[PDB]
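>>> okay, here's the opening piece of the assembly, coordinates as they are in the complex:
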Amino acid sequence: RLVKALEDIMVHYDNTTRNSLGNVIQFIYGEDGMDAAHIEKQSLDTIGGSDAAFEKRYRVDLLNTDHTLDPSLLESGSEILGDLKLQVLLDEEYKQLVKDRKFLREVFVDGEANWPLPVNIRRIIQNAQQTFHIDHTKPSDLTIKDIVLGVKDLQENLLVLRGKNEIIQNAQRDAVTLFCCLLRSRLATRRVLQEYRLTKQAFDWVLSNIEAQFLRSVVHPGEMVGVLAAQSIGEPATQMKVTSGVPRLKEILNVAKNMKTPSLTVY
Amino acid sequence: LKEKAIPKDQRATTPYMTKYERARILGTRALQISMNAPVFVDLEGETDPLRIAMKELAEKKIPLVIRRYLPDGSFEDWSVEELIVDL
Amino acid sequence: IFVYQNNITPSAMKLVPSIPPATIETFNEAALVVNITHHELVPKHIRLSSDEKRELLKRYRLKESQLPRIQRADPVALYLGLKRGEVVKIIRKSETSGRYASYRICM
Amino acid sequence: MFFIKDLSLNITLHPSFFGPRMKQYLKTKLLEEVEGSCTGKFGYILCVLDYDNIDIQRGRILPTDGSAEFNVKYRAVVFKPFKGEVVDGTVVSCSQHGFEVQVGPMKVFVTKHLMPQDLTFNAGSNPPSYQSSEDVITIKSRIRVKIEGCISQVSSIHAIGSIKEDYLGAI
Amino acid sequence: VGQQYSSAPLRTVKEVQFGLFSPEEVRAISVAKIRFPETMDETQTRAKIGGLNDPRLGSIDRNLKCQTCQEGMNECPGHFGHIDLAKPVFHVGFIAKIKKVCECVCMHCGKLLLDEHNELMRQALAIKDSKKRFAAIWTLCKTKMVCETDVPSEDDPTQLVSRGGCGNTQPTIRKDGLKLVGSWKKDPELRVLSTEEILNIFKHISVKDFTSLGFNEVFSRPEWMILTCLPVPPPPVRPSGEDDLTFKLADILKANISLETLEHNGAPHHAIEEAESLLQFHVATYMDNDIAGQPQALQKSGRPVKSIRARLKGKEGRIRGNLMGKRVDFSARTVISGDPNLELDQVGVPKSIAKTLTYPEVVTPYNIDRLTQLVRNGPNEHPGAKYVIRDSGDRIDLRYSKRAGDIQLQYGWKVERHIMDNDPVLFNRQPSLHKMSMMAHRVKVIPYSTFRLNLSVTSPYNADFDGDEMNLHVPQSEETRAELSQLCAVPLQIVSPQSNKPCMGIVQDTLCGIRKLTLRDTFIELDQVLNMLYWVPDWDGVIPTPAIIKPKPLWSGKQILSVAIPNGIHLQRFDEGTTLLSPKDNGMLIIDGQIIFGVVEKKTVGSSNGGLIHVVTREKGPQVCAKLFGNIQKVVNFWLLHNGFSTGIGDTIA
C-alpha cells in the first residue's frame, strides 16, 4: 500500500519533489536537497557546552588580553595585535557564531549536538593534517583575513539551487543554513589557528574538498524518492501501555477514527 | 516549442551530471558503439562498448546533449561537453 | 470578527455572509482561549501578497492547483483569516537544513 | 494553386550513420522522400525552399533502439487543387466521357457534360478532339478550366473540371 | 521471427483518452454482425459465418489467416464484432451512475432540474473537476421532485422568470436488482422505468446540461451508458472447450433471438418482460458476475462464470497479475550457498544456468573474433552461444546447425550467447522489501547447482542458506546492462539511503574471527603471516616489520589486519571507559590505515554509521569498500580456519 501510494513521487530538475500531476510535495528534497547516502552524523560544536567554553573555543581579541591569541600561532602574530580592520572581521565572525548558537538552540530543543549532516568536516581536517604533515610547531602561514574571507566565499560556493531570482536565492540560503552553521563551527579562526593549525595550502585544500563534497552530496534529479521512502519505512516494519509496531503503523497509515490506546501528554 | 526551450544564458539546473544522466549516456553510447557507430576516441585495444563509452566520457568526446525536462514541460539543453562529471 | 459565547442559531448563520467585500468571521470564545499559533508543532504562517503569489508561481513554474493545500476550515487558516486562492508561506525549523520554506494554498 | 508552406518531417537514422556528414544524409533523405510527392493533406509537394540551412534541430535517440528521430522543418512549395478554382492547362487526351488536360503535375478530367452544347466530341479526327464550329481543342491546346471536384488519391490526386462558365475554354 | 516491418510511424503513447462507445461508433468499427449463437457450423470443422467465432473477427486456428486483415495469429490484433440488441439494456457498472443521472435530469423533458437561477447552482457549476461537480449537482438536485416551469427571479424573489420547464413531477427511483423502479408522488405510483424511456430522456439532455454533469460531448455522452450494440471481442480475447465469455455471448445471443421472436410473433407483455429481463441479466453477468444480491450466473459445469470484471480485477487479474507484475524470460531461480572466496559484487552462477540464460551481443569489428569462437563452441559446452539473430529476422539455432556448416558472422547480427564472467546480472531475494534486496552482481561461473554469494551481501538480501531460493535476471541490451552496472551495482549500494549507514558488513564467522584475531594475545608467526599477507589480493608486497623482533619475530593480528585496511583511513571511536591507553583494548584507533588500538568487532566492521565501512566508502569509493570487504574476509577466514572456533554443552555450564 505504501509503495503504491508513493510510487509517483520524484525529485525534479528544479530540486522540487513532485508527483505525477506536478503537485509539489516538497519544495526541496528532505528540506535540504541532499542524498541520504551522503549524510553522516556530525557534532554541532556551537549548540553545546558552556558560554565560557564557547568563548574560549571561538572568541579572539586582537586588542585585549583576556581572550587574545598566542602570537606563536601564526606568522603575523605580533603585527596583528593592535589592528582594527581585522578586529572588525573577528567581531563579525564571533557575532555570526553567537547567532548560529542561538539558532541551533532554537531548532533542537534538547540541545542534541550529534545530527546527520552531509559533509564530514572532521575527516577532511584529518585528511589535510595527514596529507600536508602539520608539524604543530611552526607558526601558521595563514592570515586571519584569509581565513574569514575563505569561509565566507566557501559558504557562497555551496550551491544547492542555481536560480538567479530572490525566491530561489532565499530558498538556497535556507537549504544550507544548518550546514553553514556546522562549517562556521568547525572552520573558526581560533579553531583553525590553534586546534588544527592549518597552513595556507592546507586551508585552501580543506575549502576545496568541502565544496566538492557538498556538491557531490546533492540529490540527483530523477531520484525516485517516494518508493525509496516507502521501502525504507516498510522494511524496518517487517524487521519488527501504548500500542506499537505493526498494529500502530497500520493505525497511522490507515487513518483510523478509533484506536486502541488514545493517550494524551500534558506538560 | 520556442517557449519550451529555456535560453542557455539562464539555465537554472546544476552544471553537474547526475548518476542517471551518466548511466543513460554510457548505455546509449555503448549501444551505438555496438551498432558500428564511429568512435571519436583512439582505442588502446579495449573491445567492451561500455568501457569505450567510459573513455569517451572521461575526455568529453560524446556528441550528445541532455534535454532536462522541467515539471511544466520546459526543457534545458546541456551539452555533455559542459556537464561536469564529478561522480 | 464576531466572538460568541456558546453557539449561533442557524437562522443567524445564514445571514453571516454579507454583501461583499465585507466578510464576517465568527469565532467561539472556548476555541480562542489557547493561541494555537504558539504551539511548537505549529510553524510560522505568513500570508503572501498577490505580487508575491505571482512571483512564487512564476519562479517555481506552478499552476493554481499544484501547490500544497490548506483547508478553509483549518484553525490556523481561520486564525489568519485566509480566503480561497491565497498562499501562506510556512517557515519550519527543519532538522536537515535549519530553515525550510513551504507554501500552502487555501481551498 | 501554388503556395509555400511550412512542413515538418520525422526522419529516423540508424546508429551507423552518425558520421560527420549526418546533416548531409538527413538533407538527402528529406529529398527523394517528400520531393515530388502527393498527399491529400497538402496536395502535391514539388520542391523545398531554403535548402542552404534546413532546420534539422537536435535529433532524439529512441531508447532501447539507438536510432535518432529528427523533426526536420522546411519550406515546401505545394500545388493543391481546390474546388471551384479556375486554372490554365494543356489538353493531353480526349475520350468519349471527357478530355484530360495537363495542369501542372496533375491531369484534370473534364467530362463532356460540363461543356456548352456547341462543343461536341469527334473521334473521327486523328487524334480525337472536342471540336466546335468556332474552334477545335486538340493535343497541346491551351484551355482555362474551373476545377469543381477533387478526389483525394495519395498516389496521384484526381480532379474534375468545367468550362461552362463565361470566358471558359480555349484562349 | 517477431513482427515484420511496418511502414507506419512509430510513436509512444502520450495521452490516453477514456470514454464510451456510441452505438454508431460500434457499428462503424465492427467488421461483422453476429447473429448465430453457434460458434461452429453444422460441419463442426469451420468457423460459422455470422457466429461468435466469425473469421472476420480473427482466425481461431494457426493454419489460417484472419479473413479481415489477412495476417497470422501473431500479427492479427483481432477485430471487433457487434450484436444489435433487440431492446436496450443497462450497463451494469453504470447503473448507479445512470440512477444518478436520471435523478438529476427531468424524466419527461430531459432537462436538468435546477438551472443557474438557483443560488446554490452557481456554486455547484463553478466547480472545476467533473467528479466534484457531479457530486454537488446530484446531492442538490436529487431532492427536487418538480421540473419548476417558473422560478423566482435572480434579482429579487418577487417576480417569476419562466424557463423551459414542463412542470411534471419527478419520480423517486430505486434499484431492484438490474432494473430501476420509479414511484411518483401521489397527487405513489410504482412502475418500472423502461430502458427505452430512460434512453430517450438521455438522448434529449442538452450539451450544456450533461457537460455540467461531467460528461464530454465527443467522448462520453450519457445516452451511451445504455447498451444498444454490444461489442463482441475477437477470439484473441476469448480463446479456446469454449471460454466462459464465449458461453456468455452465446447466452446473450439466445436471449436476443428469443426476445426478437417474441416481439415479432406477438406475445403477452409478461413473456416480453421476462425475455427482456433475461437479456439484461445475461449482459450484466457477462460484464460483471459479482453483482451484489443477485445470484451468480453459473457456467455450464455448475461453477461461476468468469466475467470481464473478474478477469480485470484481483491479484491474478490483468492489471496486477499481467501488467504491473508479469512473468519474464531470461530469469533463473535456485538455492543459495555462501562463498567466502567470492567478491562482494560477485555471484556464483551454476554452469547449467549460465548455459540456459543467454545475452545478445551485437556483432562488432571489435568482437567479431571471440563471438565466432563461441559460435564454434555451440550450446552444449560453456562458454558458448545458443542462437544467432540475423538482420533479416531469421534465428539460427546452434542445435541442428552443425550439419549445415560453419556460420559466418556479419556486422549488425546478434550472437545470443551464454552469460560469461563479469556479466552484470540483477539478483534478488523475494519478497524483496527494499532496493538493496535487488542488486547488480557480476557473474562467476561455478560447477555446482547453487547460487553463491558473499556472506556480507546476505544482510541486505535478508538471506540464509537453510533452503532459501534466489532469482537472477539477465539484461538483454547494452543500455540495460550499463545502467545495471552504473546504478544498481552492489558496491554502490553499500551505504543505504534508508538510514544513511552501510547495509553490508562483516558478519558470522568473519566477525568472530576478526574479534579473535585482533586480541592483544593473538601473535602470528612468520609462516602464517606470509600466508595471510599473500591471501590479501592487493597486498603491496612489503612485509611489515614485526611488532616483536626479539627474541622471536612475532606479528600481532592488528598488524596483519591493517594490511587489508586501505592507506589513508583514520578512525577514532571511544567506547565506554576507554582512554588513549586501552587497558581493556576497547574502542578503536586507526591512523593512516594502521590499527593503533582496539579489538575489531561489530561496531568497527559491522553495518554501523561511522564505522570502517562507512569511512572507507566515503573516503576512497565504493569499489575500494568492496575490495576491503573481500580482503578482510579472506584474511580473517584464513586465520579462523587455521585457529578454529567451536561451541558445545560445556559452554552453557556455569
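Nice, I can see it. Numbers count the residues shown, from 1 in each chain, chains lettered A, B, ... in the order given.
>>> Tally up the residues packed near residue E:554, please.
Neighbourhood size, residue E:554 [other Cβ atoms under 10 Å in any protein chain shown]: 17. Every residue, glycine included, has its C-beta placed from N, CA and C.
>>> With adjacent residues omitted, what lies nearest to the most centrally placed residue in chain D?
For chain D, residue D:44 is the residue whose C-alpha lies nearest the centre (Cα atoms, centre = their mean; 3.6 Å). Nearest-residue entry for residue D:44: residue D:79, 4.3 Å, with adjacent residues in sequence omitted and distances by Cβ to Cβ, 6 or more residues apart in numbering or on different chains.
>>> Residue C:92 against residue C:104, yeah?
No. The criterion here is Cβ atoms under 8 Å, and residue C:92 misses it with residue C:104 at 11.3 Å.
>>> Between those two, point out the one with more neighbours.
residue C:104 (21 against 14).
>>> Quick check, that one in contact with residue C:67.
Yes. Contact criterion Cβ under 8 Å: residue C:104 and residue C:67 qualify, at 6.9 Å.
>>> on that earlier part again, residues contacting the residue nearest to the centre of chain D?
Applying Cβ atoms under 8 Å, 6 or more residues apart in numbering or on different chains to residue D:44 gives the contacts D:36, D:37, D:38, D:78, D:79, D:80, D:104, D:105, D:106, D:157.
>>> how near is the first one to residue D:3?
This points to residue D:36. Using Cβ to Cβ, to the nearest Å, residue D:36 is found at 16 Å from residue D:3.
>>> Count residues in the vicinity of the residue in chain B that chain C sits nearest to, would you?
Distances between chain B and chain C by Cβ to the nearest Cβ are smallest at residue B:72, namely 4.1 Å. Around residue B:72 there are 15 other residues, counting by other Cβ under 10 Å.
>>> same thing with residue E:228?
For residue E:228, the neighbour count with other Cβ under 10 Å is 22.
>>> what do you get for residue E:537?
11.
>>> Go ahead and confirm it touches residue E:632.
No. Using Cβ under 8 Å, residue E:537 is not in contact with residue E:632; the gap is 11.6 Å.
>>> contacting residues for residue B:52?
By Cβ under 8 Å, 6+ apart, the contact set of residue B:52 is B:29, B:30, B:33, B:39, B:41, B:43, B:46.
>>> Give me the neighbour count for the fifth one.
For residue B:41, the number of neighbouring residues by other Cβ under 10 Å comes to 16.
>>> Does it lie in a helix or a strand, and which?
In this structure, residue B:41 sits in neither a helix nor a strand according to DSSP states H and E.
>>> As chain F, please add this:
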Amino acid sequence: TXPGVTXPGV
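Chain F added:
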C-alpha cells in the same frame, strides 16, 4: 469495506 477492508456500502 471491500470486501475486505461491501463498499461502503453494499
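>>> The neighbour count of residue B:72 again please, chain F included this time.
15.
>>> what's the answer for residue A:198, then?
26.
>>> Once you drop chain neighbours, what's closest to it?
Nearest non-adjacent residue to residue A:198, counting by Cβ to Cβ, 6+ apart: residue A:192, 5.1 Å away.
>>> returning to that earlier point: the helix or strand hosting the residue nearest to the centre of chain D pairs with which strands, and in what direction?
Using DSSP H and E, residue D:44 sits within strand D:43-49. Within its sheet, strand D:43-49 is paired with strand D:37-39 (antiparallel), strand D:68-79 (antiparallel), according to DSSP bridges.
>>> Of those strands, which is nearest residue C:17?
strand D:68-79 (54.5 Å; Cβ to Cβ).
>>> Nearest to chain E: which residue in chain A?
For chain A, Cβ to the nearest Cβ, closest residue to chain E: residue A:36, 3.4 Å.
>>> That residue - nearest residue in space that isn't next to it in sequence?
Nearest residue to residue A:36, sequence neighbours excluded (Cβ to Cβ, 6+ apart): residue E:497, at 3.4 Å.
>>> contacting residues around that neighbour?
A:35, A:36, A:37, A:228, A:232.
>>> Pretty sure residue E:172 sits against residue E:180.
No. The pair residue E:172 / residue E:180 is not scored as a contact, 10.8 Å apart, by Cβ under 8 Å.
>>> who has more neighbours, those two?
The neighbour comparison of residue E:172 against residue E:180 (other Cβ under 10 Å) goes to residue E:180, with 21 against 15.
>>> So that one lies in a strand, does it not?
Yes. According to DSSP: H, G, I helix; E, B strand; the rest coil, residue E:180 belongs to a strand.
>>> what pairs with it across the strands?
residue E:175.
>>> Identify the residue spatially nearest to residue 26, adjacent ones excluded.
All of this is about chain A. In space, residue A:26 is closest to residue A:17, 3.9 Å off (Cβ to Cβ, 6+ apart).
>>> let's do chain D instead
Looking at residue D:26 with Cβ to Cβ, 6+ apart, the closest residue is residue D:56, at 5.4 Å.
>>> Then residue F:10?
Closest residue in space to residue F:10, ignoring its immediate chain neighbours: residue E:292 at 5.2 Å, by Cβ to Cβ, 6+ apart.
>>> ok, now how distant is the one you found from residue F:9?
10 Å.
>>> So which of those two has more stuff around it?
residue E:292 (9 against 6).
>>> what about residue E:173, how many neighbours?
Residue E:173: 18 neighbours (other Cβ under 10 Å).
>>> now for chain G:
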Amino acid sequence: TXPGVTXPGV
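Adding chain G to what we have so far:
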C-alpha cells in the same frame, strides 16, 4: 437513507 445511504424516512 436507503437502506443503505430507511428512506428517509422509515
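>>> The neighbour count of residue B:72 again please, chain G included this time.
Neighbour count for residue B:72, taken as other Cβ under 10 Å: 15.
>>> Hmm, residue A:18 and it touching each other?
No. Judged on Cβ under 8 Å, residue B:72 makes no contact with residue A:18 at a distance of 10.3 Å.
>>> To which secondary structure element type does the closest residue to chain G within the stretch 101-250 of chain A belong?
Closest contact between the stretch 101-250 of chain A and chain G, by Cβ to the nearest Cβ, is at residue A:250 (26.1 Å). Here residue A:250 is helix, with the state taken from three-state DSSP.
>>> so how far is residue C:22 from the residue nearest to the centre of chain D?
With Cβ to Cβ as the criterion, residue D:44 and residue C:22 are 68 Å apart.
>>> ok, now residue D:4?
Residue D:4 is 62 Å from residue C:22, by Cβ to Cβ.
>>> more crowded one of those two?
residue D:4 (13 against 7).
>>> got the contact list for the residue most central in space within chain A?
With distances taken as Cα atoms, centre = their mean, the residue of chain A nearest its centroid is residue A:179 (2.0 Å). Residues in contact with residue A:179 (Cβ under 8 Å, 6+ apart) are A:32, A:117, A:118, A:119, A:158, A:214, C:97.
>>> Please repeat the previous calculation with a cut-off of 6 Å.
For residue A:179, the contact set (Cβ atoms under 6 Å, 6 or more residues apart in numbering or on different chains) comprises residue A:117.
>>> And for the one 10 residues further on?
Residue A:189 sits next to A:60, A:144, A:147 when contact means Cβ under 6 Å, 6+ apart.
>>> Quick check: of those residues, which has the highest neighbour count?
Within the contacts of residue A:189, neighbour counts (other Cβ under 10 Å) peak at residue A:147, which reaches 26 neighbours.
>>> got the phi/psi numbers for the residue of chain B found nearest chain E?
Chain B approaches chain E most closely through residue B:27 (3.4 Å), counting by Cβ to the nearest Cβ. With angles defined as degrees, to the nearest 10, residue B:27 sits at phi -60, psi -50.
>>> mind checking how far it is from residue E:479?
In this view, residue B:27 and residue E:479 are 3 Å apart by Cβ to Cβ.
>>> These two: which is more packed in?
Comparing residue B:27 with residue E:479 by neighbour count (other Cβ under 10 Å), the higher total belongs to residue B:27, at 28 against 22.
>>> so residue A:162 makes contact with residue B:12?
Yes. Between residue A:162 and residue B:12 there is a contact under Cβ atoms under 6 Å: 5.1 Å.
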